[PDB]
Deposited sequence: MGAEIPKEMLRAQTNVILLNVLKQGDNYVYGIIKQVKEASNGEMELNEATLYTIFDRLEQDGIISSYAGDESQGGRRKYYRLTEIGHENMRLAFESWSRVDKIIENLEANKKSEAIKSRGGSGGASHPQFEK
């Protein structure tokens, strides 16, 4: 579901800017590497995908290039915390056995 791809993409992006400030191609590469070629990145598509995040306010663009914002780190710390809880809830359902 295209809905759920873009979800998965954004998280890869953000986890890259997390590790350091990076630019289009330097991101693609790092993903290519880390995916083990597995992640066919797309030069045409990272436009729209990076506007909506600066537009939302989680990402900044300075000239040499992108950085993770005050907000940004929060909205992940949130998401990673809440989804981790969900993992534990799912373990306990497997443990409830029902």
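- Missing from the model, relative to the deposited sequence, are the ranges 1-5, 70-78, 113-132.
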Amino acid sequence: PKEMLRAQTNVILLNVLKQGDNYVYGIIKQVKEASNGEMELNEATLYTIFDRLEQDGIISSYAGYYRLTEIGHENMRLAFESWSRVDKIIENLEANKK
From here on, numbers count along this sequence of modelled residues.
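- In this crystal structure, the stretch out of 69-77 and 47-55 whose C-alpha atoms carry the higher mean B factor is 47-55.
- Among the modelled residues of its chain, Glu91 has a C-alpha B-factor that falls in the lowest third according to the deposited record.
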